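This report refers to the structure that appears directly beneath it.
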Amino acid sequence: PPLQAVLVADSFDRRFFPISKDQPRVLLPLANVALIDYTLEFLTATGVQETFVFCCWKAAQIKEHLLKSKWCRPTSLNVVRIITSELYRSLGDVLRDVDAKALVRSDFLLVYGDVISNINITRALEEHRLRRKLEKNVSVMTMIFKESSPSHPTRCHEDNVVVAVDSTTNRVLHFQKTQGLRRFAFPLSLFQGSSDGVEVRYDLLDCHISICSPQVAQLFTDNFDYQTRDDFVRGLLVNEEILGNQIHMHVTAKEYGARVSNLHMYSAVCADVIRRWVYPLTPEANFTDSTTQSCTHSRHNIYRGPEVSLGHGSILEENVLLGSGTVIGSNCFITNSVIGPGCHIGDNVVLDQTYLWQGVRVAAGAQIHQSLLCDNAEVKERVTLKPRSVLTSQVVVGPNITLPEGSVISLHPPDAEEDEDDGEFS
Amino acid sequence: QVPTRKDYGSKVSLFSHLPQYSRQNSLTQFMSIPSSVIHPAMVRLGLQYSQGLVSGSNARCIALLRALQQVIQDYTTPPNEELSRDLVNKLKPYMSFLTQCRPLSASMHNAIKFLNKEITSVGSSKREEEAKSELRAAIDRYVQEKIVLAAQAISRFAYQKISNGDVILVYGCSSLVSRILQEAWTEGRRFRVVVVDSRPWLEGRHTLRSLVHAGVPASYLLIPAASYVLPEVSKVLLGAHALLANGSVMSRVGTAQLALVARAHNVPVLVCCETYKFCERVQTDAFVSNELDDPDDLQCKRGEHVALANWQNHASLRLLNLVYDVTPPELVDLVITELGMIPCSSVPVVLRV
Amino acid sequence: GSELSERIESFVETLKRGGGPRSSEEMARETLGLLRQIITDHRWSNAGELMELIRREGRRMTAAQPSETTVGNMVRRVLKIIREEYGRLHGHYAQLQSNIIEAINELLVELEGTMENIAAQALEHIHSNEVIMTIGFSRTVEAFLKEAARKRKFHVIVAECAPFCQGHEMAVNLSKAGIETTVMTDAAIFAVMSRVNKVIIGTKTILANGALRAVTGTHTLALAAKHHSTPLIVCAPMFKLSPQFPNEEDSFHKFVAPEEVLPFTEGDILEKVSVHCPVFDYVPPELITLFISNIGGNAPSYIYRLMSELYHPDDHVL
Amino acid sequence: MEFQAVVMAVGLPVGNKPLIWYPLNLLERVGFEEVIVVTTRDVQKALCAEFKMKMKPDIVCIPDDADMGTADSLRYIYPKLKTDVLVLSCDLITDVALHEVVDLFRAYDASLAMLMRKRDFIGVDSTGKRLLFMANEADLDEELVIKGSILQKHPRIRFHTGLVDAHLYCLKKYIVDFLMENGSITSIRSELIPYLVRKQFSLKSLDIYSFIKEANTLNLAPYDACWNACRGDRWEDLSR
């Protein structure tokens, strides 16, 4: 059967504000490449023949970005179907729209639009097809997880999940998040219903690569209060004597997979991409064959594009990415950073763990640590940004103006912490 | 009395004189639960040696000396007999059992030599508990001065060598080099450390954590990638397990490899070894005296196939994983001991007297 | 046309994503089949037009995987075939095309019997009760040794490669032939090099210096064999010979995900660490003794001549 | 002497041989030249004379009180034990080689090392040897709670439900010291197990270990497991 996939190109969470009020989070670049390109590259490398992109907010911009990409060419093996509606507002609405449109045929891939992965799911898909042939359409969803220690900067506190699985048949018995909970409660009917072994798992990073079935869309159209994925698995695991439909699981220990949900995942996943944890999806491979994104891989994971013109004394130590057309001044110090294409950096500036998007302009003497500079922004001289500082969409900070630690400034008054002007105040 | 541990696998024809055991079986399967022939601290130590829980050369020597403290404290004197002969004759089967669990590093041989010389020099007019306390104090002084104070001395002699802005290559896990790097980062030098690790122990991961938790910028890679990073390396520090009579450096198996690749890139090598690890044994190659670990440890799981899972069913297949090798002294530049910075070819001259 | 376009992009995405097909001679056969399908499914009047067509598609094909040079130099040999036949027919539409096709078929029938020709000359380099050392896994060296073992009895110390132990495959493939092989780690190379009589390795790409990129850990093996003055045999075919100089371009080593070196379950030390996994390594020609190809044994002081007998200097940058 | 074996009797020699003889036979097989045996007084306080009629090498059999527990039984012999204690029970016939559990006591320097053979839910680490949690709904009001620190330090915990305690313990000196200093413990299987399992979730700490055998099974105080002792001894006592 041909492998289908449903891509939700609109995360219905209110997290990238006010970053997302200009471009949706799926167009947000990790290293000069938007997230929808990473997701489509993962879907095309796994072997998906047809996807269904479901875009709700700022969907015309996604349409104009994705039609000129590699996955809408007629020479592409993975055909996409851009489906937009201004009516649906959650993931359950997407899958009930899928059931109403009757798009999928057999065992599609439900995935969000902002997942960075290189997982080859064909072994897990073989396992899922074996379980569907054995249990006679009893196994419904196969959630894909990755082995990871809880101390990893990838898994944050808002998305750490604890699962309870029967480890001999690899099925999920309990599922809950750890948001605001130091102790974890597990019911006891799990042990009395199945006495063939049981295991708890806290080492599972959620990849959100849930392989599904047309019965998933049936269950989403059957129950209206199922808004998202965790609602579906929580309502399916607490109800066994009605709507049995047990959920299985697959765990990968050799491939990377993670999705972005906030700035913390963004920084961790971008640092994993720059450090080549998602090979082959590496910024020099140019999985989206854009002529403005080719890079050269030097030592210490330094990726340099064409026409960069490093200044004299500029030191790039490790994990630096420079897009095509950026210019860097003299006596600089850039590390752990991503610089977009076409930027202008002044003299004696220190860029550590920063993410500069396209068109930025940094003046001389600036010290930027763990920040996020969006499109065409610029800093004046004698500025130093504290860690976790976000400025978006053509902001400018005043000279001799140091921002605090928690600092999100943009042109929108009520969504950010301040407003953008030539000076730091008003 | 004490049997011999069973030889595991098909031995190498070149290594027929060296024993090759396995970590799967233990020698204590057919021994008494109340430890009567060997002291209970000795059987506890031999079991935690054979299973690999104590692998460092200083940690093995420390656990040996502590078990010897437990033996000497739990010792009694037979009638009309002297301590200076019976205690030696009782500790010798203990060392035979410790050899049958795992072959001793030269730190353990020199520790046994020091304890035998000390127990020979116990006076005949002295009482039981006074000589027991004297021996316990001598063992305490030995460990304290030989390792802890020599380690501080080696750390001070290496702090004036590590400069700012350089890169340092380490291999394996050794408390001396890790302590050198930690006390150099704490005392003010700002440098970065690369770490070369090797299969199947992968013990470099330990020192990797020790450098990340200490705040040192670290880089981790394996032995075959060392040729890639030695162009970045300005100094290679190594942890020696024994220094021989000719000035050779016995260490983990990748030590001589790294020294050769570092000399091919004009990288100065620095060994750091305490003087109690000086051997009167001498060797010229890595073949006449070495330890052979489990050949069933080399197997790994790269996917769903383990090539060496049923390796014993192939009759013409031999597996060998050496633990120690030797370096020729023309590859090693520094030897940093508690006596000072000496060259490698001058080590037996200064160590002997 | 359209089928040819989808074949080109299926091959280019196969080389971009993973290893398809498995070994390198299969990929050379796929490249030659793709090029003969290219020259049979296009229209041209002058040879230079077809030259620029082959260059335009081969540029993308080498931009897919720059570490995989077999497609690049195979395309380059097809270009030299085009140039040779255009020169021999210039001093021409259908006869030229069929001559190119039969010369490419000649190249296929010489290319198919490469490993058997290397195996046929294996007996003049191996004597009985000899200690051979091998790194990695390679079908050329495996056919070499299992052909020389039909009449000789010797020993093979196959060394595993630390990122992913592929030489274990060779061990279980050698012990089926009764070689008395010996498996060890690559941390023992200089530990055992004092008893190894001859080192016989394969390679990934022969450069124009006589240098070679190969599986990582073989530059260390070459240094240890130069220290002990043991000769090196490079069982390499003649399609692993590329005109790319070593220090010319970037992207020499193929870096992979650091999962194979340090797993993801390590902890928060992954965020403060720099893990590299170069699966290739560069060996200068002065550390190499002898190349064994399908035409015989050659010195490293001869590869440039094979370059001028197999490639044209205007196609080096391709 | 390394170990001093103690066999508990808190409220029976029904079989092909004496029921006290099998534990003693196991003890006198591998070492244990001196054995401390506790006689019964709950059913009848005349069993010390039935305990001194066996043919072991050397036994010290003591009378006990009727209303007593296992912690009070070990606390009664506290000034007469000087080394590590290896506790057994009467209805416990095991064909398992015992030296495995002492190896887990010796190799890891554990604070408590115990042996089980397949109600009481236990959680053991993925290594299979160090246990981390144990509880039953006899004393649990809520369903199940797990500390967060033990999940951060041990990310996967394999749970078992059908595992029963064989009552073969290996306690150190300071644990029995805490047991004699803390007389609030009555059942050592529910007190010294659960309190030490909570105290193990502390660096410098204590180690608790477990060995899961798969050859035979232990018995019970009731007549539920009184049928398998003879069936075990008819096919296992030919070698003994």
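Residue numbers (PDB author numbering), protein chains in the order written: chain A, 41 to 466; chain E, 166 to 518; chain D, 8 to 98, 125 to 351; chain I, 1 to 11, 28 to 134, 155 to 238, 258 to 295.
For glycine and all other residues, C-beta sits at the position ideal for the given N, C-alpha and C.
Item: Min CB distance E/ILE333 to chain D below 8 Å; Value: no
Item: Coarse secondary structure for E/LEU280, derived from DSSP in three states; Value: helix
Item: Coarse secondary structure for I/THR163, derived from DSSP in three states; Value: coil
Item: Contact list for I/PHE3 against chain E, beta-carbon separation under 7 Å; Value: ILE198, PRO199
Item: Spatial neighbours of E/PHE452 in its chain, beta-carbon cut-off 8 Å, leaving aside the 5 residues before and after; Value: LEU179, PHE180
Item: 8 Å Cβ shell around D/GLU213 - same chain, five flanking residues per side excluded; Value: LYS186, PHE187, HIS188, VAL189
Item: Proximal chain E residues relative to residue 13 of chain I, where beta-carbon distance stays under 7 Å; Value: Here chain I is numbered 11 followed immediately by 28, so the structure offers no position for residue 13 of chain I.
Item: Within chain A, partners of I/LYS183 - CB distance below 8 Å; Value: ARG223
Item: Closer than 8 Å to chain E by CB, D/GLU281; Value: no
Item: E/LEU334: first and last residue of the uninterrupted alpha helix (DSSP H) it sits in; Value: Careful: E/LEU334 lies outside any alpha helix (DSSP H), inside the beta strand (DSSP E) at 332-336.
Item: Partner residues on chain E for I/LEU114, Cβ-Cβ distance less than 9 Å; Value: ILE198
Item: E/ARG344 at chain I interface by Cβ criterion, 8 Å; Value: no
Item: Extent of the continuous alpha helix (DSSP H) run through A/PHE52; Value: Run containing A/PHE52: none; DSSP gives neither H nor E here.
Item: CB contact below 8 Å: E/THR241 versus chain I; Value: no
Item: Straight-line gap, A/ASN285 to A/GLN101 (C-alpha atoms, nearest Å); Value: 39 Å
Item: A/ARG344 versus D/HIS349: straight-line alpha-carbon distance, rounded; Value: 24 Å
Item: Status (buried if at least 16 other CB within 10 Å, exposed otherwise) for A/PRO69; Value: buried
Item: 7 Å Cβ cut-off: residues of chain I touching A/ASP243; Value: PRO191, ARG192
Item: Supposed close pair D/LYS23, D/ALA54 - CB separation, criterion 8 Å; Value: Actually they do not touch by this definition, with Cβ atoms about 30 Å apart.
Item: Same chain, Cβ closer than 8 Å to D/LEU57, neighbours up to 5 away in sequence not counted; Value: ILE46, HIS49, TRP51, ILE89
Item: Contacts of I/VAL118 in chain E (Cβ-Cβ under 8 Å); Value: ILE198
Item: At least three beta-carbon pairs within less than 8 Å, the region 423-434 of chain E to the region 391-405 of chain E; Value: yes
Item: Cβ pair E/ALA206, E/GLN235 closer than 8 Å; Value: yes
Item: Proximity test, Cβ basis, 8 Å: D/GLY300 and chain B; Value: As a matter of chain content, chain B is missing from the structure shown, whose protein chains are A, E, D and I.
Item: Where E/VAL219 sits in the DSSP three-state scheme; Value: coil
Item: I/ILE229 beta carbon less than 8 Å from that of I/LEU199; Value: no
Item: DSSP three-state assignment for E/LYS297, whether helix, strand or coil; Value: helix
Item: Status (buried if at least 16 other CB within 10 Å, exposed otherwise) for A/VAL119; Value: exposed
Item: Contact list for the region 234-259 of chain A against chain I, Cβ threshold 8 Å; Value: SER235, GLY237, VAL238, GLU239, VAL240, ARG241, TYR242, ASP243
Item: Range covered by the alpha helix (DSSP H) that runs through E/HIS378; Value: 369-378
Item: Any non-hydrogen atom of the ligand MG closer than 7 Å to A/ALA308 Cβ; Value: Among the components modelled here there is no ligand, and therefore nothing to report on the ligand MG.
Item: Length of the line joining the Cα atoms of A/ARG269 and A/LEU131; Value: 7 Å
Item: Any C-beta of chain E under 8 Å from that of I/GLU49; Value: yes
Item: Three-pair Cβ contact test at 8 Å for the region 45-58 of chain A versus the region 127-145 of chain A; Value: yes
Item: Enclosing beta strand (DSSP E) for D/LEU351 [first to last residue]; Value: Segment: none, D/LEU351 is in no beta strand (DSSP E) and carries neither H nor E.
Item: Euclidean distance between Cα positions of A/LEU356 and A/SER234; Value: 57 Å
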